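Participant: Please find one structure pasted underneath; my questions will follow.
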Amino acid sequence: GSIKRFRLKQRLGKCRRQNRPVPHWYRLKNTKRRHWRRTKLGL
Amino acid sequence: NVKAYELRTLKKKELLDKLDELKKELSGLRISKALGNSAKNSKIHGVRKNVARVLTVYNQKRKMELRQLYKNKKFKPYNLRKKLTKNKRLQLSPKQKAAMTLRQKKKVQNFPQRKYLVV
Amino acid sequence: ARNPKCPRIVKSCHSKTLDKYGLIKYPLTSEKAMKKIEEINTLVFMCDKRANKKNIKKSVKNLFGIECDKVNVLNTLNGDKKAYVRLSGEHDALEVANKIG
Amino acid sequence: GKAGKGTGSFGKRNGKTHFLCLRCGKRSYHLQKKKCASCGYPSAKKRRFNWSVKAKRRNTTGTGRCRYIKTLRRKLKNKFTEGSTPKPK
RNA sequence: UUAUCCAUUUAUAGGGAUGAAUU
RNA sequence: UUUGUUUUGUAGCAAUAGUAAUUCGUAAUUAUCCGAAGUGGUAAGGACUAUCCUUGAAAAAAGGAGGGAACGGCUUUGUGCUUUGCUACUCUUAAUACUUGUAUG
RNA sequence: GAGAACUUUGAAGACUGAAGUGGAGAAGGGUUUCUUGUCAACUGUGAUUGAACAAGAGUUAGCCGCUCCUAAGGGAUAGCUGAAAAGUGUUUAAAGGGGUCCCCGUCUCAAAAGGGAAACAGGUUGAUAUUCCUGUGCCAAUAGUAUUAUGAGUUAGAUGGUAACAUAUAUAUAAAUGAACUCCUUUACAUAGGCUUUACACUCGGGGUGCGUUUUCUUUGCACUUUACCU
RNA sequence: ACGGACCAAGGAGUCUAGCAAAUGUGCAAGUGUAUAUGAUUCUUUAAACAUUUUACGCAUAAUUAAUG
RNA sequence: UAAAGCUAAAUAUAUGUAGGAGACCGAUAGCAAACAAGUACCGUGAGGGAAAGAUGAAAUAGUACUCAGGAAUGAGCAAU
RNA sequence: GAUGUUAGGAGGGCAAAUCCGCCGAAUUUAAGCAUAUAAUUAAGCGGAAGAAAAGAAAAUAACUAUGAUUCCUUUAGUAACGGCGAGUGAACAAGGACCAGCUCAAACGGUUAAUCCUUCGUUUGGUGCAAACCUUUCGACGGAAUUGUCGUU
Ligand SMILES: [Mg+2]
Ligand SMILES: [Mg+2]
Ligand SMILES: [Mg+2]
Ligand SMILES: [Mg+2]
Ligand SMILES: [Mg+2]
Ligand SMILES: [Mg+2]
Ligand SMILES: [Mg+2]
Ligand SMILES: [Mg+2]
Ligand SMILES: [Mg+2]
Ligand SMILES: [Mg+2]
Ligand SMILES: [Mg+2]
Ligand SMILES: [Mg+2]
Ligand SMILES: [Mg+2]
Ligand SMILES: [Mg+2]
Ligand SMILES: [Mg+2]
Ligand SMILES: [Mg+2]
Ligand SMILES: [Mg+2]
Ligand SMILES: [Mg+2]
Ligand SMILES: [Mg+2]
Ligand SMILES: [Mg+2]
Ligand SMILES: [Mg+2]
Ligand SMILES: [Mg+2]
Ligand SMILES: [Mg+2]
Ligand SMILES: [Mg+2]
Ligand SMILES: [Mg+2]
Ligand SMILES: [Mg+2]
Ligand SMILES: [Mg+2]
Ligand SMILES: [Mg+2]
Ligand SMILES: [Mg+2]
Ligand SMILES: [Mg+2]
Ligand SMILES: [Mg+2]
Ligand SMILES: [Mg+2]
Ligand SMILES: [Mg+2]
Ligand SMILES: [Mg+2]
Ligand SMILES: [Mg+2]
Ligand SMILES: [Mg+2]
Ligand SMILES: [Mg+2]
Ligand SMILES: [Zn+2]
């Protein structure tokens, strides 16, 4: 809820970071995307 | 863009001073990056590398001095001790392994495994 | 009382524990932060997740001619800390902002 | 009864029985029991079973960078004495 | 009775003739 | 020190804040903010009364009491203790200055 | 806007009807929040919308909680069991604290609804507010030595009051000797019934402001008239 | 009566142990060189070759609970 | 010659790493996994557990330009 | 005997294919099933190593005798066991691979523990650029040891 453990918060942050799409420039030298409503983190 | 061989000669205090300066520079770069800028965003990496090098040099120096301090004297700090696989450490020294009982030694001395060319 | 003939471990290496450089990571811009700087003489800094309020204050003191009245901090969901630093009335955050770059 | 065994009942499903688990990081730390279903956290052991071969394989030594073990590998081959650099120049 | 077993407590004076209570 | 009368104050917070206005300007002024009472819907408290073969947690923490251990300071002499001479002393808040790790969250 | 029944704005007409699709929270969720974009797919019709996609941005506390205490309980210490793994928790223990040697004494976890140091009001953001700002407070700390002031007591420890009991109002009621060792009390408690007191809420009558109705009628209908902790 | 909407790919008497008869082949009162050794054997060589300058199997004899 | 002990060799290895192989398999095969595979995802949990290779010699030839389109796309007398 | 954050040390966990203990089934086969069989197997738990374990005869034989273990070829699908059913099932010899033996206890030595260890050292060497190792003999101050170390077989 609105009162999380610090560790949990960190995990959430990490997940969020993971979520973001490939920086496009790489493509010139993702399958693991997630949606908060369809696949749960099961934390 | 200072390299290792130039830093080995410098006194520790001087090295420290250099390092602090480098750190300061890095901080500035970071600040710039944070602000809407992309001018010196690629310079930072080099600076970081330099800093790392400096740190390494200083660390090595520190280690050397420590080693000098703790020369012989039976026991030594576990870091300065010859770090090797635990099992190996546990294991008896080759000499120890060899060490036979007195009678056995005598026997060995008396009748060694001689070479006896057979024709 | 301990009386060790030789100390177990001697980390002769330069301290790993975060100094001022690394404690305080960078000033934050952002419209919010700019507003803060303008209206309430508060400087916003991204800082190490493991920096304490005292520590941050110390860093601030060291990194700039600034004195801090109060420091509020929060953990961002990017795994960084945001420190809201209110400066004492003697200082003008704007001028100090300018100085910082 | 609206809280029947199917859908009605699934609505009352709130509150973790297992959390993340320090040591394994696998959400199998039974909170109430204070024991990990996968590692047996508090028990000074890893809790692995020869009847769970797949499980064993998914958690063995080779899974996860081997921070130190990897570094050590090849040392034997080298057989370099400990604390020695190569000759300068 | 000493092995053993059970109980009791802070293991607290060897057996008989509707206040306070301590250095 | 007590009695009589008057003027104040939304008891301080408090009007500088709100709200409803009215303007003037490209934010400021002004005027308002208070006299009577009923309903008993909530909530809390109080004193009670009744029910029980049901009598309805514990500790951290705090307070009070009994009890009467110990007993001013300084100077000198002998081996913390004893003897001799002198009178501002024992408290207590707040402030301050100084060392000791940087003595407010 | 290429394109609109389902994007936005106005005007109607309607519903939800304080047991609300309204405010706050908990569990669970985890960036869904917000701004600027924006439409490949998804948004079972469309869609320019979106809880979608993209880029950023956003969560500030001594006082609100957790953090401390114990509860049902749990994990362990000593043992003792058991091949061990585990099962038990004083059953035959040399089991840290308080005072000036004695006197106590399993440890630790377990409540974000039990117990508990202390915070309120206005303002502010695109998104945070008892957390930021302005203002006013409160609580806990605060080493030693030395100065200071503040008042007590003495010339080793006040007084009043018949009594119930009261008294230090110094910026601030700070100060009313007290050790060991005890004894209490607070913490600290069920349910039902009514009765009372306060509070908010609602209402009524009047005055004061603005708005509404006016073919006719109405000294009229509605709105605002506010006041926090703390002392 | 059951199975089959359709199509593409996958999809089922195999492999080893010992025995058997069949037949092929070599040798034949013998046969099989087992392990293992040896080599002027070493990409193939984990095969091929060689068998110490009375091993054992099965067979050559059967029969009996059995000393035999 | 029990009720004390030690001791290399031959021998075993479906684990790990590193080599070398095949009358082996050839992307529904071969490890579950030729690919960001024990990955995504599912399960409270013990666990379960995929799909998914190929342009060309060369993208240092990955579609220029013109026209119609809101745009996608389409078409070209154009183009690799 | 407690006690020590005393000085110096060790154990714990991970990893298992081979390996060594324990502990321990059932499906299954017997055309049922109960002994048997699966199987001294799987799982469980504990422990090692590059191998482990075994090993230097309280061995086999009945010979003209062999001579630690292990492993292979063999004995041998044999002796034997087995509702004598299903099934199970060695060993000696023989041919090899490899071959390695030993020391404690006890006997003896008291004209004397001849032993051992901690700490502090002392000075010749050999390598290496260093880091480090590698050896060499020599005494102190402690202890341990007479409830027995060391030499002798
Ligand atoms: Mg939650
Ligand atoms: Mg859902
Ligand atoms: Mg905070
Ligand atoms: Mg059910
Ligand atoms: Mg539960
Ligand atoms: Mg006003
Ligand atoms: Mg719709
Ligand atoms: Mg209605
Ligand atoms: Mg209705
Ligand atoms: Mg709503
Ligand atoms: Mg939104
Ligand atoms: Mg649609
Ligand atoms: Mg939007
Ligand atoms: Mg998104
Ligand atoms: Mg609180
Ligand atoms: Mg406690
Ligand atoms: Mg309890
Ligand atoms: Mg237990
Ligand atoms: Mg607790
Ligand atoms: Mg509470
Ligand atoms: Mg049929
Ligand atoms: Mg059909
Ligand atoms: Mg079919
Ligand atoms: Mg086919
Ligand atoms: Mg034939
Ligand atoms: Mg042995
Ligand atoms: Mg495949
Ligand atoms: Mg272990
Ligand atoms: Mg058994
Ligand atoms: Mg059967
Ligand atoms: Mg059958
Ligand atoms: Mg097993
Ligand atoms: Mg091992
Ligand atoms: Mg061995
Ligand atoms: Mg054999
Ligand atoms: Mg035979
Ligand atoms: Mg058997
Ligand atoms: Zn775990």
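Identifiers in this document derive from the order of the structure tokens: chains are assigned A, B, ..., residues are numbered from 1 separately in each chain, and ligands are numbered from 1 in order of occurrence.
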Pick out the residues no farther than 10 Å from ligand 5, counting only C-alpha atoms (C1' of nucleotides) and all ligand atoms, and list them as a PyMOL selection string.
Facilitator: (chain D and resi 15-18+30-33) or (chain I and resi 44)
Participant: Let me see the file: selected residues, N, CA and C atoms (P, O5', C5', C4', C3', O3' and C1' of nucleotides), as a PDB file, in the first residue's frame.
Facilitator:
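Okay, result-v6.pdb is ready:
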ATOM      1  N   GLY D  15      -3.328 -10.167   1.241  1.00  0.00           N
ATOM      2  CA  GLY D  15      -2.372 -10.389   2.319  1.00  0.00           C
ATOM      3  C   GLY D  15      -1.447 -11.526   1.952  1.00  0.00           C
ATOM      4  N   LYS D  16      -0.164 -11.216   1.814  1.00  0.00           N
ATOM      5  CA  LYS D  16       0.816 -12.199   1.389  1.00  0.00           C
ATOM      6  C   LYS D  16       1.013 -13.247   2.472  1.00  0.00           C
ATOM      7  N   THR D  17       1.102 -14.508   2.062  1.00  0.00           N
ATOM      8  CA  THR D  17       1.563 -15.569   2.956  1.00  0.00           C
ATOM      9  C   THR D  17       3.071 -15.700   2.869  1.00  0.00           C
ATOM     10  N   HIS D  18       3.622 -15.412   1.693  1.00  0.00           N
ATOM     11  CA  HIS D  18       5.059 -15.450   1.475  1.00  0.00           C
ATOM     12  C   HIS D  18       5.538 -14.078   1.023  1.00  0.00           C
ATOM     13  N   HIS D  30       7.691 -17.535   4.061  1.00  0.00           N
ATOM     14  CA  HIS D  30       6.414 -17.611   4.750  1.00  0.00           C
ATOM     15  C   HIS D  30       6.482 -16.698   5.963  1.00  0.00           C
ATOM     16  N   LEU D  31       5.747 -15.592   5.909  1.00  0.00           N
ATOM     17  CA  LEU D  31       5.789 -14.575   6.961  1.00  0.00           C
ATOM     18  C   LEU D  31       5.386 -15.101   8.340  1.00  0.00           C
ATOM     19  N   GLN D  32       4.182 -15.657   8.436  1.00  0.00           N
ATOM     20  CA  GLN D  32       3.676 -16.211   9.686  1.00  0.00           C
ATOM     21  C   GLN D  32       4.631 -17.255  10.273  1.00  0.00           C
ATOM     22  N   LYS D  33       5.103 -18.164   9.428  1.00  0.00           N
ATOM     23  CA  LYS D  33       5.989 -19.230   9.882  1.00  0.00           C
ATOM     24  C   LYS D  33       7.433 -18.771  10.109  1.00  0.00           C
TER      25      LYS D  33
ATOM     26  P     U I  44      -1.966 -18.649  -6.623  1.00  0.00           P
ATOM     27  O5'   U I  44      -0.635 -18.391  -5.783  1.00  0.00           O
ATOM     28  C5'   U I  44      -0.251 -17.058  -5.381  1.00  0.00           C
ATOM     29  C4'   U I  44       0.400 -17.078  -4.017  1.00  0.00           C
ATOM     30  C3'   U I  44       1.629 -17.964  -3.880  1.00  0.00           C
ATOM     31  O3'   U I  44       2.802 -17.216  -4.180  1.00  0.00           O
ATOM     32  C1'   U I  44       0.130 -18.366  -2.075  1.00  0.00           C
TER      33        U I  44
END
Participant: Kindly compile the residues surrounding ligand 4 within 10 Å, counting only C-alpha atoms (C1' of nucleotides) and all ligand atoms, and format them as a list in words.
Facilitator: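 Protein and nucleic-acid residues within 10 Å of ligand 4: residues 4, 5, 6 and 9 of chain D.
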Participant: Check the DSSP output for the backbone and give back, as a list in words, the residues of chain D in strand (DSSP E).
Facilitator: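 The strand (DSSP E) residues within chain D come out as residues 18, 19, 29, 30, 35 and 36 of chain D.
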Participant: Please write the residues from the selection above to a file, keeping C-alpha atoms, as a short mmCIF file (atom, residue, chain, number, x, y, z; two decimals), in the first residue's frame.
Facilitator:
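This is the output file out_31.cif:
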data_model
loop_
_atom_site.label_atom_id
_atom_site.label_comp_id
_atom_site.auth_asym_id
_atom_site.auth_seq_id
_atom_site.Cartn_x
_atom_site.Cartn_y
_atom_site.Cartn_z
CA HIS D 18 5.06 -15.45 1.47
CA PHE D 19 7.39 -12.48 1.05
CA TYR D 29 9.48 -16.45 2.83
CA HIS D 30 6.41 -17.61 4.75
CA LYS D 35 10.63 -19.96 7.14
CA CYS D 36 11.48 -19.97 3.42
#
Participant: Taking only C-alpha atoms (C1' of nucleotides) and all ligand atoms into account, which residues have an atom no farther than 8 Å from ligand 15? I'd like them as a list in words.
Facilitator: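 What falls inside 8 Å of ligand 15 is residues 63, 64, 65 and 118 of chain G.
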Participant: Counting only C-alpha atoms (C1' of nucleotides) and all ligand atoms, what residues are within 9 Å of ligand 31, given as a PyMOL selection string?
Facilitator: chain J and resi 29+31-32
Participant: Please return, as number ranges by chain, all residues of chain C lying within 8 Å of chain A when only C-alpha atoms are considered.
Facilitator: C: 77-79
Participant: Using only C-alpha atoms (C1' of nucleotides), find which residues of chain A lie within 9 Å of chain I and jot them down as a VMD selection string.
Facilitator: chain A and resid 30 to 32 39
Participant: Would you compute the distance between CA of residue 37 (chain C) and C1' of residue 102 (chain F)? Give it in Å to one decimal.
Facilitator: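 Going from CA of residue 37 (chain C) over to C1' of residue 102 (chain F), I get 28.6 Å.
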Participant: For chain G against chain D, which residues fall within 12 Å using only C-alpha atoms (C1' of nucleotides), given as a ChimeraX atom specification?
Facilitator: /G:26-29,73-76,85-86,109-110
Participant: Could the residues that lie within 12 Å of ligand 19, counting only C-alpha atoms (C1' of nucleotides) and all ligand atoms, be listed as a ChimeraX atom specification?
Facilitator: /F:60 /G:66-71,108-111
Participant: If you run DSSP on this backbone, which residues of chain C come out as helix (DSSP H, G or I), and could you give them as a PyMOL selection string?
Facilitator: chain C and resi 20-23+31-40+53-63+93-100
Participant: Take the residues from that selection and put them in a file with C-alpha atoms, as a JSON list (two decimals), in the first residue's frame.
Facilitator:
[["chain", "number", "residue", "atom", "x", "y", "z"],
["C", 20, "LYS", "CA", 31.55, 14.56, 0.12],
["C", 21, "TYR", "CA", 32.25, 13.69, -3.48],
["C", 22, "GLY", "CA", 29.87, 10.83, -4.06],
["C", 23, "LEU", "CA", 27.74, 11.65, -1.05],
["C", 31, "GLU", "CA", 10.69, 23.37, -12.63],
["C", 32, "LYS", "CA", 9.85, 22.45, -9.04],
["C", 33, "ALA", "CA", 13.44, 22.79, -7.92],
["C", 34, "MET", "CA", 13.83, 26.07, -9.80],
["C", 35, "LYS", "CA", 10.71, 27.39, -8.08],
["C", 36, "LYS", "CA", 12.10, 26.33, -4.71],
["C", 37, "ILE", "CA", 15.38, 28.09, -5.47],
["C", 38, "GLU", "CA", 13.50, 31.25, -6.42],
["C", 39, "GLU", "CA", 10.86, 31.57, -3.77],
["C", 40, "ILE", "CA", 12.06, 29.81, -0.66],
["C", 53, "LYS", "CA", 20.79, 14.41, 7.13],
["C", 54, "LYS", "CA", 23.84, 15.38, 9.18],
["C", 55, "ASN", "CA", 26.13, 13.91, 6.56],
["C", 56, "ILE", "CA", 24.41, 15.79, 3.74],
["C", 57, "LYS", "CA", 24.66, 19.02, 5.73],
["C", 58, "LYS", "CA", 28.38, 18.44, 6.25],
["C", 59, "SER", "CA", 28.85, 17.78, 2.54],
["C", 60, "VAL", "CA", 27.00, 21.00, 1.70],
["C", 61, "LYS", "CA", 29.20, 22.93, 4.12],
["C", 62, "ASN", "CA", 32.31, 21.45, 2.52],
["C", 63, "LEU", "CA", 31.23, 21.71, -1.10],
["C", 93, "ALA", "CA", 20.19, 30.56, -2.66],
["C", 94, "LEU", "CA", 19.99, 32.22, -6.08],
["C", 95, "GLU", "CA", 23.48, 33.68, -5.76],
["C", 96, "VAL", "CA", 24.77, 30.36, -4.46],
["C", 97, "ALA", "CA", 22.97, 28.60, -7.33],
["C", 98, "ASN", "CA", 24.76, 30.91, -9.76],
["C", 99, "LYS", "CA", 28.08, 30.20, -8.06],
["C", 100, "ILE", "CA", 27.50, 26.45, -8.29]]
Participant: Show me, as a VMD selection string, every residue of chain J with an atom at most 10 Å from chain D, counting only C-alpha atoms (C1' of nucleotides).
Facilitator: chain J and resid 12 to 15 42 to 44 128 to 133
Participant: Any chance you could export the current selection's C-alpha atoms (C1' of nucleotides) as a PDB file, in the first residue's frame?
Facilitator:
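The resulting file, selection_2.pdb, is reproduced below:
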ATOM      1  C1'   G J  12      29.753 -24.469  10.764  1.00  0.00           C
ATOM      2  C1'   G J  13      27.860 -23.304   4.655  1.00  0.00           C
ATOM      3  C1'   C J  14      27.879 -24.241  -0.489  1.00  0.00           C
ATOM      4  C1'   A J  15      28.943 -28.323  -4.411  1.00  0.00           C
ATOM      5  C1'   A J  42      14.536 -44.345  -4.462  1.00  0.00           C
ATOM      6  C1'   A J  43      13.767 -40.629  -1.296  1.00  0.00           C
ATOM      7  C1'   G J  44      15.800 -38.588   3.905  1.00  0.00           C
ATOM      8  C1'   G J 128      63.160 -13.234  -7.699  1.00  0.00           C
ATOM      9  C1'   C J 129      63.128  -6.426 -10.316  1.00  0.00           C
ATOM     10  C1'   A J 130      60.183  -6.508  -6.345  1.00  0.00           C
ATOM     11  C1'   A J 131      56.321  -9.289  -3.185  1.00  0.00           C
ATOM     12  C1'   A J 132      57.862 -13.399  -1.217  1.00  0.00           C
ATOM     13  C1'   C J 133      59.674 -18.117  -0.556  1.00  0.00           C
TER      14        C J 133
END
